[PDB]
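Next comes target11.txt, with compact mmCIF, C-alpha atoms (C1' of nucleotides).
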# COMPACT_ATOMS: atom_id res chain seq x y z
CA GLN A 1 49.33 39.91 69.95
CA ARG A 2 47.16 40.52 66.88
CA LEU A 3 49.84 42.87 65.54
CA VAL A 4 52.65 40.31 65.81
CA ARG A 5 50.36 37.67 64.30
CA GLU A 6 49.49 40.13 61.52
CA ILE A 7 53.18 40.60 60.72
CA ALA A 8 53.62 36.82 60.88
CA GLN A 9 50.72 36.15 58.48
CA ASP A 10 52.47 37.14 55.24
CA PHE A 11 55.82 35.54 56.21
CA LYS A 12 55.00 31.93 57.15
CA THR A 13 51.38 30.81 57.07
CA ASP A 14 49.88 28.96 60.07
CA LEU A 15 52.51 29.59 62.72
CA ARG A 16 52.40 29.30 66.51
CA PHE A 17 53.58 31.75 69.17
CA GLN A 18 54.59 30.58 72.64
CA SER A 19 53.21 32.27 75.75
CA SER A 20 56.73 33.69 76.14
CA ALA A 21 58.88 35.63 73.63
CA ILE A 22 55.98 38.04 73.13
CA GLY A 23 56.91 40.01 76.24
CA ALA A 24 60.48 40.03 74.92
CA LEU A 25 59.41 41.67 71.65
CA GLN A 26 57.12 44.09 73.48
CA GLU A 27 59.77 44.70 76.15
CA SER A 28 62.52 45.46 73.63
CA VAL A 29 60.10 47.61 71.61
CA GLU A 30 59.11 49.65 74.68
CA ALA A 31 62.63 49.99 76.10
CA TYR A 32 64.07 50.94 72.70
CA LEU A 33 61.24 53.36 71.90
CA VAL A 34 61.71 55.14 75.24
CA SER A 35 65.38 55.76 74.44
CA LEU A 36 64.30 56.92 70.97
CA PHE A 37 61.93 59.38 72.66
CA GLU A 38 64.81 60.57 74.85
CA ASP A 39 67.19 61.17 71.95
CA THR A 40 64.37 62.72 69.92
CA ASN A 41 63.52 64.84 72.97
CA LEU A 42 67.11 66.12 73.08
CA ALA A 43 66.86 66.81 69.35
CA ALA A 44 63.77 68.92 70.06
CA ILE A 45 65.67 70.72 72.83
CA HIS A 46 68.45 71.55 70.35
CA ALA A 47 65.84 73.53 68.39
CA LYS A 48 64.96 75.46 71.59
CA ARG A 49 61.35 74.45 72.14
CA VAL A 50 59.24 72.04 74.19
CA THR A 51 57.51 70.31 71.26
CA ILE A 52 58.60 67.14 69.47
CA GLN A 53 58.16 67.32 65.70
CA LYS A 54 58.20 64.86 62.81
CA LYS A 55 61.60 66.11 61.65
CA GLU A 56 63.02 65.49 65.14
CA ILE A 57 62.31 61.75 64.87
CA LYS A 58 64.07 61.67 61.49
CA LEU A 59 67.04 63.64 62.86
CA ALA A 60 67.51 61.53 65.99
CA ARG A 61 66.81 58.42 63.88
CA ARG A 62 69.21 58.88 60.96
CA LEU A 63 71.85 60.34 63.30
CA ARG A 64 71.95 57.00 65.15
CA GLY A 65 73.11 55.13 62.04
CA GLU A 66 69.73 54.09 60.61
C1' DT B 1 123.10 111.53 5.05
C1' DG B 2 118.87 108.06 5.38
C1' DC B 3 118.03 103.31 3.95
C1' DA B 4 117.50 98.41 2.62
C1' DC B 5 120.13 93.87 2.66
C1' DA B 6 123.09 89.77 3.38
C1' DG B 7 124.59 87.13 6.83
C1' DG B 8 125.73 85.94 11.78
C1' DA B 9 123.88 85.22 16.75
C1' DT B 10 120.83 83.52 19.32
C1' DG B 11 115.46 80.22 20.36
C1' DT B 12 112.27 76.89 19.70
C1' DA B 13 109.18 73.75 18.68
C1' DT B 14 110.35 69.32 16.35
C1' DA B 15 112.01 64.59 15.98
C1' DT B 16 115.06 60.89 17.85
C1' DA B 17 117.49 57.79 21.21
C1' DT B 18 116.97 56.72 26.16
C1' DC B 19 115.31 55.62 31.19
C1' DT B 20 111.28 53.27 34.83
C1' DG B 21 107.21 50.43 35.41
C1' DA B 22 104.19 47.32 34.66
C1' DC B 23 102.20 43.49 31.97
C1' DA B 24 103.32 38.85 30.13
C1' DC B 25 105.45 34.09 30.08
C1' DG B 26 108.35 29.84 31.89
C1' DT B 27 109.35 27.07 36.37
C1' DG B 28 109.16 23.20 40.61
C1' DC B 29 108.02 22.01 46.27
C1' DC B 30 104.51 22.64 49.30
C1' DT B 31 99.93 22.58 48.44
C1' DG B 32 95.59 19.91 46.55
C1' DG B 33 93.08 15.29 44.52
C1' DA B 34 92.01 11.11 45.28
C1' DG B 35 91.68 5.89 47.26
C1' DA B 36 90.48 2.82 51.34
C1' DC B 37 88.92 1.78 56.74
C1' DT B 38 86.50 2.90 60.57
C1' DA B 39 81.84 4.48 63.33
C1' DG B 40 79.49 7.43 65.66
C1' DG B 41 76.64 11.16 64.41
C1' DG B 42 72.66 12.09 61.51
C1' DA B 43 68.03 10.66 59.26
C1' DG B 44 63.66 8.21 60.55
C1' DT B 45 59.93 6.39 63.45
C1' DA B 46 56.57 5.17 67.86
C1' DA B 47 53.92 6.85 71.36
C1' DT B 48 52.89 11.01 74.20
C1' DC B 49 50.92 14.62 76.76
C1' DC B 50 50.17 18.79 77.30
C1' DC B 51 48.99 23.23 77.12
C1' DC B 52 46.44 25.36 73.61
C1' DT B 53 41.93 26.22 71.21
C1' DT B 54 36.39 26.41 69.08
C1' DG B 55 31.96 29.70 68.79
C1' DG B 56 28.97 32.94 70.76
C1' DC B 57 25.39 34.77 73.52
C1' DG B 58 24.47 38.23 78.05
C1' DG B 59 26.32 41.93 82.02
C1' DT B 60 29.48 45.07 83.65
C1' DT B 61 33.52 47.69 84.17
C1' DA B 62 37.82 50.37 82.95
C1' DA B 63 39.88 52.06 79.25
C1' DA B 64 39.55 54.24 74.81
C1' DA B 65 37.35 58.16 72.06
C1' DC B 66 35.40 62.89 71.21
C1' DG B 67 34.59 67.96 72.22
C1' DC B 68 35.41 72.64 73.54
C1' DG B 69 38.35 76.99 76.07
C1' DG B 70 42.27 79.47 75.71
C1' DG B 71 46.91 80.14 77.40
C1' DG B 72 50.99 80.15 76.56
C1' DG B 73 54.48 78.95 73.53
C1' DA B 74 55.86 78.27 68.56
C1' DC B 75 56.78 81.41 65.13
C1' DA B 76 57.16 85.40 61.57
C1' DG B 77 59.46 90.38 61.19
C1' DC B 78 63.17 93.29 61.95
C1' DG B 79 67.33 96.01 63.64
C1' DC B 80 72.20 95.57 65.54
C1' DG B 81 77.48 94.68 65.63
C1' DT B 82 81.03 92.03 66.12
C1' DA B 83 82.83 87.70 64.31
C1' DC B 84 84.41 85.40 61.07
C1' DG B 85 84.99 85.69 55.31
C1' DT B 86 88.21 87.57 52.13
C1' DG B 87 92.53 89.47 50.60
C1' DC B 88 97.65 90.76 50.98
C1' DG B 89 103.02 90.01 52.64
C1' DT B 90 106.09 87.68 55.63
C1' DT B 91 108.22 82.99 58.03
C1' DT B 92 109.13 78.01 59.76
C1' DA B 93 109.25 74.07 58.55
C1' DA B 94 107.73 69.81 55.98
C1' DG B 95 109.19 67.12 51.26
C1' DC B 96 112.44 65.26 49.48
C1' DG B 97 117.38 63.72 47.73
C1' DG B 98 120.77 61.30 49.94
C1' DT B 99 123.63 58.40 54.26
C1' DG B 100 125.61 55.48 58.06
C1' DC B 101 123.93 52.14 61.41
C1' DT B 102 121.65 48.59 64.05
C1' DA B 103 118.59 46.23 66.93
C1' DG B 104 114.78 44.22 66.55
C1' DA B 105 111.90 41.42 63.06
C1' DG B 106 111.85 36.82 61.06
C1' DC B 107 112.67 31.54 59.64
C1' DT B 108 114.56 27.03 61.96
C1' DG B 109 116.45 22.56 65.31
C1' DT B 110 115.35 20.28 70.83
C1' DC B 111 113.00 18.38 74.16
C1' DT B 112 110.21 18.62 77.58
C1' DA B 113 106.72 19.98 80.24
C1' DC B 114 102.49 19.02 79.51
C1' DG B 115 98.08 18.86 77.90
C1' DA B 116 95.17 15.46 74.59
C1' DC B 117 92.74 10.70 75.24
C1' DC B 118 90.66 7.02 78.30
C1' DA B 119 88.71 3.62 82.89
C1' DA B 120 86.60 4.21 88.11
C1' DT B 121 84.22 6.74 91.96
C1' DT B 122 80.98 9.89 93.71
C1' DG B 123 79.18 13.98 95.62
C1' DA B 124 77.90 18.19 94.56
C1' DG B 125 74.53 19.71 91.76
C1' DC B 126 69.77 19.18 89.61
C1' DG B 127 64.36 17.61 89.59
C1' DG B 128 60.49 17.67 93.38
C1' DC B 129 58.13 19.62 97.30
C1' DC B 130 55.89 22.46 100.78
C1' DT B 131 55.84 25.61 103.73
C1' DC B 132 55.72 31.13 106.19
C1' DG B 133 57.80 35.71 106.43
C1' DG B 134 58.52 39.10 103.41
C1' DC B 135 55.55 41.39 100.11
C1' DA B 136 51.00 43.75 97.87
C1' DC B 137 47.62 47.15 98.60
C1' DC B 138 45.28 50.50 101.09
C1' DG B 139 43.39 53.39 105.32
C1' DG B 140 44.84 57.44 108.82
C1' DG B 141 46.88 61.31 109.28
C1' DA B 142 50.32 64.85 108.90
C1' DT B 143 52.75 67.54 105.52
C1' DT B 144 53.74 70.07 101.65
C1' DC B 145 52.44 72.17 97.43
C1' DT B 146 50.39 74.66 94.04
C1' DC B 147 46.01 78.00 92.51
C1' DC B 148 43.42 81.96 92.97
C1' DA B 149 41.79 86.64 95.05
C1' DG B 150 42.79 91.20 96.94
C1' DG B 151 45.56 95.59 97.96
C1' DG B 152 49.00 97.84 98.93
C1' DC B 153 51.42 99.22 95.88
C1' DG B 154 53.17 101.11 91.76
Write-out of the structure in structure tokens:
Amino acid sequence: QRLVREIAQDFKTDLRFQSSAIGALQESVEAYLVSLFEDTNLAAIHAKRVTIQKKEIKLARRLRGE
DNA sequence: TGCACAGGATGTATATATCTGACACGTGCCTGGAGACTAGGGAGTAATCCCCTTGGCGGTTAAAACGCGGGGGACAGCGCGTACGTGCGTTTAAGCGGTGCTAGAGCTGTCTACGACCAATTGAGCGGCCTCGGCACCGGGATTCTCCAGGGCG
């Protein structure tokens, strides 16, 4: 909540957030980040180890078109 | 006899007339520009009510935060060999110049189904409600499932 409000502070001052639509942002963030951890996990498996590394997130990130 | 020369017999860049390709300029028929009528869709206001805040004490709990052991897994070093990198000659086949066709692509009347536009009914679908049987959470108990210590075995 305080994070979304923090991001909304410097955009439009004195806004209001409904009781809904926050669980949609958090839900999409969680569901997307889990898939990102799966693709990054596979990227770490391609290097033949059990550890996720900072370069793995960049590999699995940029390789998705970002 | 050994030798230099005067001129023909071939090359070769050099300069001139010649062949595509693309920019530049002059039209006239389907576009735009513009003028007037209708009107319903957009700008503006009057309550409203309704969930959303204001400010901060305490008490307590569950979650967040820190701290150390070490175990295993990331990771550097190094030798091997076979799997492509590199280099030849030999072949099959695309590029391209040119040809005879056609069958499907492409612009144009007819009318005729056939869907756009508009009254009248209603009933099937939406706001409101209030229950109970499926659901939430956990005990009881059996079951599996992994962790650690010999020891019989190297």
Per residue of chain A within 9 Å of chain B, which atom pair is closest and at what distance in Å (one decimal), using all atoms listed in the file, listed by chain and increasing number, as CSV?
residue,atom,partner,partner_atom,distance
A:49,CA,B:74,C1',7.6
A:50,CA,B:73,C1',8.4
A:51,CA,B:74,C1',8.6
Using only C-alpha atoms: which of A:8, A:3, A:63, A:57 has the shortest distance to residue 33 of chain A: A:57
Exercise: segment 16-27 of chain A partners within 9 Å, all atoms listed in the file, chain neighbours under 6 positions left out, as a short mmCIF file (atom, residue, chain, number, x, y, z; two decimals) with C-alpha atoms, in the coordinates of the input:
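Printed below is selection.cif as written:
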data_model
loop_
_atom_site.label_atom_id
_atom_site.label_comp_id
_atom_site.auth_asym_id
_atom_site.auth_seq_id
_atom_site.Cartn_x
_atom_site.Cartn_y
_atom_site.Cartn_z
CA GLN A 1 49.33 39.91 69.95
CA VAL A 4 52.65 40.31 65.81
CA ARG A 5 50.36 37.67 64.30
#
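Across the model, the gap from atom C1' of residue 20 of chain B to atom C1' of residue 95 of chain B is 21.6 Å.
You will find atom CA of residue 66 of chain A at 15.9 Å from atom CA of residue 54 of chain A.
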Each side padded by 8 Å, which centre and which edge lengths in Å (one decimal) define the axis-aligned box around the listed atoms of segment 38-48 of chain A? Give them as JSON.
{"center_x": 66.0, "center_y": 68.0, "center_z": 71.6, "size_x": 20.9, "size_y": 30.9, "size_z": 22.5}
